[PDB]
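Because only heavy atoms are used, hydrogens play no part in the values below, and waters and symmetry mates are left out as well, while side chains stay in. The sequence lines fix the lettering, A, B, ..., with proteins before strands; numbering per chain opens at 1.
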Amino acid sequence: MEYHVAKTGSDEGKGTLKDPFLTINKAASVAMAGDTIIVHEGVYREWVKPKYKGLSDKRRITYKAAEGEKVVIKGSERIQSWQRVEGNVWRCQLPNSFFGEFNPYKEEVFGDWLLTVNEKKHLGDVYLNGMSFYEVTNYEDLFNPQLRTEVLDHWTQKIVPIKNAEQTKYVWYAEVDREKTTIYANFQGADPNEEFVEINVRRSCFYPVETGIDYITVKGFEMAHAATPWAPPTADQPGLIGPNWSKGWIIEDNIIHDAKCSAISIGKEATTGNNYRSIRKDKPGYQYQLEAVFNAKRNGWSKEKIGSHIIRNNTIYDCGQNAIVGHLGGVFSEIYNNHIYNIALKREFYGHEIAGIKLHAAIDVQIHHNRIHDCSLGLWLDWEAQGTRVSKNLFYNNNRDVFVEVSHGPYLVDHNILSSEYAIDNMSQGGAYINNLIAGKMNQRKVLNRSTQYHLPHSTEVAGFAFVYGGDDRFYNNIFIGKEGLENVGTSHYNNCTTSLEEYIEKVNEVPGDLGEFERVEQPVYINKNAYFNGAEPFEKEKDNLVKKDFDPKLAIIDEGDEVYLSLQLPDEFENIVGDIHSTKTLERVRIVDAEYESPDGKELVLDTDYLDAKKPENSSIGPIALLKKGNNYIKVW
Amino acid sequence: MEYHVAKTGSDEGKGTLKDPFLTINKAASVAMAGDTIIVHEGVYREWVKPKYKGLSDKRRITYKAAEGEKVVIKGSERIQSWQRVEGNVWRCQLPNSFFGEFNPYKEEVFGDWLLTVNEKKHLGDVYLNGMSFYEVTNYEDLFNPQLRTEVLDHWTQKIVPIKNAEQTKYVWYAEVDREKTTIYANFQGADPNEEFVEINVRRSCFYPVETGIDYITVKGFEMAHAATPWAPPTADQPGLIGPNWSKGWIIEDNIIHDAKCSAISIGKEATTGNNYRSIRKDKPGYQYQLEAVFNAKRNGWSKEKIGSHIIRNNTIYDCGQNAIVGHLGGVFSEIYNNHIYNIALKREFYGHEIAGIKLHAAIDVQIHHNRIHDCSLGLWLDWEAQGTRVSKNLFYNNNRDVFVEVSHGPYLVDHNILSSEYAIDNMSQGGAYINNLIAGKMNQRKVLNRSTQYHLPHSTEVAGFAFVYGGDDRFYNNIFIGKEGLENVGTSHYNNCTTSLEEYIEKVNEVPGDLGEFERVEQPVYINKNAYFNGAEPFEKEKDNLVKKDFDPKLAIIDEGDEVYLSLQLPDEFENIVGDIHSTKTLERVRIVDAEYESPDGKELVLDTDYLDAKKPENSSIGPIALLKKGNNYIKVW
Amino acid sequence: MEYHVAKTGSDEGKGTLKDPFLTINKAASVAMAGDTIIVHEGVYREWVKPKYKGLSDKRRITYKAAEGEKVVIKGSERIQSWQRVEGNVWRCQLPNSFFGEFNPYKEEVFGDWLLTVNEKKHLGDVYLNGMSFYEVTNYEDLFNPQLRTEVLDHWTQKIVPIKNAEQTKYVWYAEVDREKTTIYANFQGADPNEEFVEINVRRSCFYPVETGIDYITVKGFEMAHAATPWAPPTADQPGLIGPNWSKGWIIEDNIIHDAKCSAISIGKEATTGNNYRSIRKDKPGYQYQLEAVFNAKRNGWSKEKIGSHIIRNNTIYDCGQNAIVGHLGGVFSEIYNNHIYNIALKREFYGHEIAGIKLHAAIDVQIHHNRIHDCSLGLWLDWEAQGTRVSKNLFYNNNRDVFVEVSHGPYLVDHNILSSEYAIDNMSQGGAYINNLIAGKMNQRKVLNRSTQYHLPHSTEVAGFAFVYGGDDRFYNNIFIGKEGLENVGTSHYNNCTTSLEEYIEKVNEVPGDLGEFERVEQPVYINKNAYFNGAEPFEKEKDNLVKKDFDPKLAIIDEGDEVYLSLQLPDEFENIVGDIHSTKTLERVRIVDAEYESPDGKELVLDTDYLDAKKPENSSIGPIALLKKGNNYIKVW
Ligand SMILES: O[C@@H]1[C@@H](O)[C@H](O[C@@H]2CO[C@@H](O)[C@H](O)[C@H]2O)OC[C@H]1O
Ligand SMILES: O[C@@H]1[C@@H](O)[C@H](O[C@@H]2CO[C@@H](O)[C@H](O)[C@H]2O)OC[C@H]1O
Ligand SMILES: O[C@@H]1[C@@H](O)[C@H](O[C@@H]2CO[C@@H](O)[C@H](O)[C@H]2O)OC[C@H]1O
């Protein structure tokens, strides 16, 4: 059946093209495996809840915007009952029933690993012609808000400019009592009943209320204004839109924005763990998280029931925690051709779950051809990044590009452009960095007080757990570019490491013993054919590399809106260093996990196409793009 | 922490004895492992939703009535806005908002195995001073309702007396449109605003809205009027009160009544299957049910996470489907000392899920010392009755007492009084009927077109599945009593069976082959030391028995309210037949499941105590009570 | 490390090219992950037992014949100590110690589903210059054996010519006592000490004695003379060569022959079940088999640990039970480009486990491009043929080509040439027969007294179990060819079936009920675009077909040794039927299992290449080869 929803329809109608329903949730309550829901032009202020599941990729349930029509789903409501209090501060009042069981003005940003704990923030929000406001703590703070032009990035501890300084003068504050909710905001001179003013109301826009609602496709909608809660790996992880613990979703061609915390969630649900550290306080989140993994396994977490989602061609921005989030629920998924930006820039709250994309247990996840910029952290892989592949992505203007934490691999980062000043946070082992352009520092550190799971290949089955001893990384064909006043760009971080698994084994086995003997020897690194310009430093034992510390490539990423260009100068010597095609055959297996770098299907992986998808010969330029050559280079990269 | 709830309290209070909360759900939203909630006298019209789980039997969360106080939880509301329409018919009207998302007047009795499909019934109800009404189909049926005094028992096809004929004149009917719910009822002359008139409103009284809320004890409440839905093994199975897919609850000392369908549910939740036959219509519930078993297994169904509930010392009556119901969620549970009666007597709807107690997959469930009467069916064990023990129960005045269907055992039925005319529906194999008084017929039938699971011992692990070939039953020390014209009382049903596993094996292996050779031989039966009176007939190959077809025991169960007596005459020959103490050692293992009759803990089981819990010697009177002797017997049995 | 084994070697040697080992088992006791064992020219009389496992597809352990060298592994020994008894009968005697724990002359062909129980046969064998003998039951039968030229095919009950009639005069008989093994045989005039005479000695040739020895490649050997035991699905299933319950073997380019029972085994091991029906006799093999599936599941039977083997480019012939056999151990494997013939033609023993290839639980197994002829039965898929694809194979001169038993699909049989007179035994549902040439009858039957497992897609997880109700099959683009006096060729078998899942559901849901209602409606069949010649008959409701009862295609398969040709005449109308390219989108899902016809990786399957591997046009003619045309066709098919 092909159901139709239109602003001229009726939920008492048949749901056909000639007699369409009025609300999307109406169609969602009757559609079944194989059906399509076509939604016509209009703004739908409702939380859509798919009731029945698709039964296979062929028999999915498809929700999409009519061809050529602008369809918006919002979790907000326009408010036109504001009353001026004094100066530029206005107030509106709503009976609590307006929000029902979930009141964003009563709900707090709360949970494990949330660090901003003295100044409570809530899930509500006020918007003036689309621009969200800043929450303030007291009634008094509403009247003469101070314009701010700079802010502290918590992780890097650097003061950075505020993108939209003007927005800092727009503030809101709310009070919830037993009968009603009173919301105040400073509109700086505008008449809020006259301008287009909205407030957050619902938690989500498109998210099932039951787990297991598989095979749903959601396509071509603009979705916005969702009061989503802090979403750590140890709690339920709702988002503005998400599959809610199921399999085979396809979320594509949507423009998603203004989720209080995470926009798209492919995370876990409450049953396997729900902020026990923050609520019970008897054990840390670390201990509760490794436990949630086993609880999930007992609840059927496996390729047969969970994950294999596709997130593609979406534009996601202006969210406070992530554009994409998820612990466990995203295994085997694919995330590609997305444009992600402006994530967590307002910095109203901070904690260890913020990034454009953050995934825990991203087993065999493929993250490729995405454009991620203007985020405090572009991508964060945290625990169990096994089989994960980060390939052909464009990262720029981020406070940090990539962070892979407490993982054992094998994980692969290939043909990416990582152009931010702080490019890599590496607190893992078992990685392969192949043919990337890396223009920022790398912070590499062992993790000896936290042990995390590893798995059988291409599976959620647990094989064991390990600490991160550091090393056991591969670096081939990368172009590293330092900068005056920037330390740690390159691979010199591994100077004390062995250079082959055979060497590591010979050394460990020089004297009888067990664990202690292994801990006294540094793991091996496999590093060759990298270039180091403008101050980047090489691993001391690399055999074939190109080092020109005094050469400045003058790298620039030129963002012109729908298109982005890469500008880079390369020295004549660039022509004399040639890279090999890497593959399952050329990359040494990771030690602890004892597994190869292969395709998700178990077959050999061959890294022979570059960032621009051009096939390359056995000897070609190093770096992410085969076309780069000595001299001037100006290449369209998006 | 010991929380207090009282009608003088406040939900903004501390919840202490001096500053109590007002609603039980307020305490349920903050209590944590190890806390107790003490509720003071009053009627609490709310659905209590335990929020946090107990963490062990020691650290449970206890909800209880204050010592000596009458505490009532109801799902109904008193209505005093009725307006006379005409005659004795009155009407009230409520906004749909009054019911929230669950409206009993809109929600139908619906689902797999519901047979009364031409006459739509709903989950609502109307009560006059506690007496529920009969729903009618048309507005017109309200004005001159017919008093009925007899009704057809569906399974037995016998017309029987309606217990409360007067009640048949009180009828209701309702309509729900987009805005309002309108209820009409005939009050036969009473003034509904003057009398105490209530209507169903909420689905449950005490039921978590999340699964996994373990170790909760609910004690000393009267709970009533819940609009519970039709609960087959293939759907979500909510009830008036239940653990909702969790472990270790204790439901004791409560008085529960007027659940539309099932009162106490220890069943399954929606995720493992939800009326797929009725909704998708592509495969029968039979096929969907065996699938739900494997779906649950992948969803954690095991002794470590589900079951081990205790339901004791409760009185449960006036429910339309069951006093206790549940598929999968009741494994390893114990049900004892409960008084169950008046279950499904109104017969407003009928289907194959009705009985005082009905349990699917009652693995190792212990059902003992219960008083069950005035039910269309007392107990129904349907599928996987493995390790189940029905012992020392008192069944009387039921259209049928016990039904064990498509199970392979080993299941044990010992020391019971099955006094109804139709005592047993036996559509299984692997049973042991030891020391019972059986005074009604047995209908024994093979089931060759349905195969069902069997398990490893004391576990939910699946070992295989099988059809019911019939036989492979044990009958020792039972007293059978027929009645004029009543056929099939006794054990002659098995006349063609083999008499030992050795004989079955020898006959099967006479000619080479496989399945076909096994199917041509009847399974063995182990029958000895039974007495047959007043028409009961024995297995023709039984070696030691007492048959006195002409002797009438003049059996009578005298129910005097809180006490019940058994009146029974026995012949002088009764003294010459003596029974052995049966045990794991004396009961032959079941053939297909290949398991012994033992205790839930895997230890030897010895059946040396009778119905009155008196220890008995090796040679003792047969039947359920050792005190029974030749002559007159008048014994208190409750 | 590359180890070398040569007849000039020594097992005290280093095992290098210059200082090679002498036996292959010596290399097998020291080789580790990533090593290669190169065996040089010669005959190695030993059972090779791989000791250490390969660790991945990249780090396997490879055993292969040196390039261009003839390497033979045999389980036999040459005997030259024969003494003439009388006439042409000779005798040899050996110490029992010569056979060790396994004596072929003592061991019997024994076990579940073995039907020849009067005539005890043993696992030994005698060969004269490579030609095996027939065992006789009594000493006296040795002296004047009668030449036999015809024999009864047990299944078809037709008397057929004996291929090698002369071989019927060579017989052997043996006795084993406390000390010695004495073997007698009639050499019909030859001198066994002068000729090359061998006897079976060892059970296997290349088989680990431990399970889990994964990732082994065996290439380029000739292997022969193994005293392998009867291998039903309910027992241990050893073979001449096999992985013995592990994952990722590659058995290729070998010539394998004279395995007493099965040659290559990808079956199960003893712990999950071992002839309990035959040994305990309390339950049938059917019951013990369904149990073995669950026992294996608890023993880790899953894609992560078992299966994914590849058997390609081998020639396997002269085996008494199968060329390839296996229950459970072969999941997800691929079998292709093998030449299989002369399987079970001596008929010294018979039972329900015989076929060129027999697999139980062939989940997602791909069987393609195989040439299978001169077998009593070409291929037998028995239980759990889910996701199995039988494609582009050449079947001729077999008493029966294919048998798919008690499976529920989705299973695919496409682009095959099934040229024998008895082409298909179909005792399943859920099949799709696409673009085949089928020249023999089909026997299709329901199986209502045996229920068997089905699974989640692409997994060993159990989803349910079911009887075979019949139907729910698809037949598109097949060319059926009848023959005078041959009945049941075509698709008329399905005449009472519904024609769409919609029709089935509508009819079942005409009257309320459950299983009984579903049982009275015949499952749907999807049949169109088939041709029926020379007496083949169509499904009465097929909409687009070509029926020419009087047209005789005079099909003939001309076997010229290494090349095989197809000769076929087609009518002028042949090109009027235009076939569609089938795929996941065009094949209706199977009903009970509720799954689509997909690729093993879970993606869309498109059948767009023909038997000759030519890309097929959208508007193609039917049958297995797109180039078939009206008139004469003479095509090389091997
Ligand atoms: O379990 C995840 C953690 O691995 C991660 O937190 C890291 C360790 O704790 C902090 O002190 C570190 O700075 C941070 O990188 O995120 C929290 C949780 O998702
Ligand atoms: O699956 C359960 C059934 O075993 C049971 O239904 C039985 C079989 O169908 C009816 O024809 C029989 O009369 C009934 O006893 O209940 C339905 C379901 O819970
Ligand atoms: O379990 C497998 C059987 O399905 C199969 O036996 C079939 C059923 O019994 C016989 O009467 C049939 O002819 C045969 O096809 O093989 C035995 C076992 O492998």
Side-chain angles (χ1 to χ4, degrees), chain A residues 102-126 132-142 145-146 148 150-160 162 168 171-176 200 203 226-239 259-262 265 267-268 270 273-289 292 319-322 325 327 343-355 358 360 375-377 380 382-383 399-400 403 405-406 425 449-450, chain B residues 29-30 32 51-52:
Chain A
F102 182 88
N103 184 330
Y105 301 94
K106 179 187 198 187
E107 296 300 312
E108 288 169 9
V109 168
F110 165 89
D112 296 342
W113 289 288
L114 173 67
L115 306 180
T116 42
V117 296
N118 314 313
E119 301 284 282
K120 297 302 176 307
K121 297 294 164 149
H122 302 81
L123 307 187
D125 214 345
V126 184
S132 69
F133 287 26
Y134 277 85
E135 187 188 349
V136 288
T137 302
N138 298 127
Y139 175 70
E140 289 65 31
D141 302 332
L142 287 159
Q146 296 310 107
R148 294 174 291 113
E150 65 206 44
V151 68
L152 179 75
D153 177 69
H154 303 81
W155 187 281
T156 58
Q157 284 296 298
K158 302 287 200 165
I159 283 83
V160 296
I162 287 176
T168 65
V171 300
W172 71 274
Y173 159 90
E175 299 170 336
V176 175
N200 273 2
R203 188 204 76 185
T228 59
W230 181 244
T234 43
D236 182 23
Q237 294 180 296
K260 191 69 188 199
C261 296
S262 309
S265 165
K268 72 173 214 61
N274 205 21
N275 279 138
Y276 299 154
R277 175 263 179 287
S278 297
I279 294 172
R280 296 178 195 183
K281 304 183 211 288
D282 59 337
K283 292 148 65 177
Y286 161 66
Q287 198 64 50
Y288 277 121
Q289 181 177 342
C319 299
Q321 192 193 313
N322 318 90
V325 70
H327 172 201
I343 305 299
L345 297 191
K346 287 164 71 185
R347 291 169 177 92
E348 293 194 76
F349 53 82
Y350 177 80
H352 293 316
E353 303 304 340
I354 293 165
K358 177 162 199 195
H360 298 83
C375 300
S376 60
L377 172 66
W380 194 348
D382 201 357
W383 296 49
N399 294 85
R400 282 176 297 151
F403 184 178
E405 186 178 7
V406 289
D425 258 315
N449 69 325
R450 283 185 293 145
Chain B
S29 75
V30 299
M32 287 181 293
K51 194 174 182 192
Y52 297 103

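Side-chain contact between A:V151 and A:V160 is present, with heavy atoms from C-beta onward closer than 4.5 Å. Using a 4.5 Å cut-off on side-chain heavy atoms (C-beta onward), B:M32 and A:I279 make contact. Side chains of A:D382 and A:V406 form a contact here, defined as non-hydrogen atoms less than 4.5 Å apart. Side-chain atoms of A:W230 and A:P232, non-hydrogen and from C-beta on, do get closer than 4.5 Å to each other. Between A:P145 and A:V136, every side-chain heavy-atom pair lies at or beyond the 4.5 Å cut-off. Within the 4.5 Å cutoff, no side-chain heavy atoms of A:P238 are placed close to those of A:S265. Here the side chains of A:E353 and A:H360 are in contact, with some heavy-atom distance below 4.5 Å.
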key: Worked check of ring pair (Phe, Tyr, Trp, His ring centres under 6.0 Å) between A:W380 and A:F403   = CA-CA 5 Å; A:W380 194 348; A:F403 184 178; 4.9 Å; yes

Please evaluate residues A:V109 and A:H122 with respect to the criterion side chain to side chain contact (heavy atoms under 4.5 Å, CB included), reporting the C-alpha separation (whole Å), side-chain torsions for both, the decisive distance (0.1 Å), and the verdict.
CA-CA 5 Å; A:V109 168; A:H122 302 81; over 6 Å; no

Quiz item: Does the side chain to side chain contact (heavy atoms under 4.5 Å, CB included) test come out yes or no for A:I354 and A:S376, once each step is laid out?
Solution: CA-CA 8 Å; A:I354 293 165; A:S376 60; 3.5 Å; yes

*Could you walk me through whether B:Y52 and B:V30 pass the side chain to side chain contact (heavy atoms under 4.5 Å, CB included) test, one step at a time?*
CA-CA 8 Å; B:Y52 297 103; B:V30 299; 5.9 Å; no

Practice item. May I have the step-by-step check of side chain to side chain contact (heavy atoms under 4.5 Å, CB included) for A:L152 and A:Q157, ending in yes or no? Key: CA-CA 6 Å; A:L152 179 75; A:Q157 284 296 298; 3.7 Å; yes

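Counting non-hydrogen atoms of other residues, nucleotides and ligands closer than 6.0 Å to NZ of A:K121 gives a total above 12. Crowding of A:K283 atom NZ: a count of heavy atoms from other residues, nucleotides or ligands under 6.0 Å exceeding 12.
One finds the CH2 atom of A:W113 at 4.5 Å from the OG1 atom of A:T234 (value rounded to the nearest 0.5 Å). Taking CZ of A:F110 as the reference point, atom CZ of A:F349 lies at 14.5 Å (rounded to 0.5 Å). Rounded to the nearest 0.5 Å, atoms CD (A:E150) and NZ (A:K158) are 13.5 Å apart. The CD1 atom of A:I162 lies 4.5 Å from the CZ atom of A:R148; values are rounded to the nearest 0.5 Å. A distance of 5.0 Å separates CG in A:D425 from CH2 in A:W155, rounded to the nearest 0.5 Å.
For A:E175, the side-chain contact (heavy atoms from CB on, under 4.5 Å) partners two or more places apart in sequence, or in a different chain, are A:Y173, A:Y184. For the side-chain contact (heavy atoms from CB on, under 4.5 Å) test, residues two or more places apart in sequence or in another chain that qualify with A:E348 are A:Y134, A:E135, A:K260, A:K346. Applying the side-chain contact (heavy atoms from CB on, under 4.5 Å) criterion to A:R277, with sequence neighbours excluded, gives A:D112, A:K281, A:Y288. Annotation: side-chain contact (heavy atoms from CB on, under 4.5 Å) contacts of A:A231 (sequence neighbours excluded): A:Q237, A:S262, A:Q321. With sequence neighbours excluded, no residue forms a salt bridge (charged side-chain N to carboxylate O under 4.0 Å, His left out) with A:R203. Residues that satisfy the side-chain hydrogen bond (donor to acceptor under 3.5 Å, both in side chains) test with A:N103, not counting sequence neighbours, are A:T181.
Counting only distance, with no hydrogens or angles, the side chain of A:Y105 and the backbone of A:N200 share a donor-acceptor pair below 3.5 Å.
Aromatic ring orientation, A:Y350 versus A:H154: parallel (interplanar angle below 30°, classes split at 30° and 60°).
Heavy atoms only, all atoms of each residue included: A:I343 and A:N322 are closest at CG2-CA, 3.8 Å. Across A:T228 and A:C261, no two heavy atoms sit closer than the pair OG1-N, 2.8 Å.
A salt bridge is absent between A:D236 and A:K268: the closest approach of a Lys/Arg side-chain nitrogen to an acidic carboxylate oxygen does not fall below 4.0 angstrom. We find that A:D153 and A:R347 are joined by a salt bridge, their nearest charged nitrogen and carboxylate oxygen being less than 4.0 Å apart.
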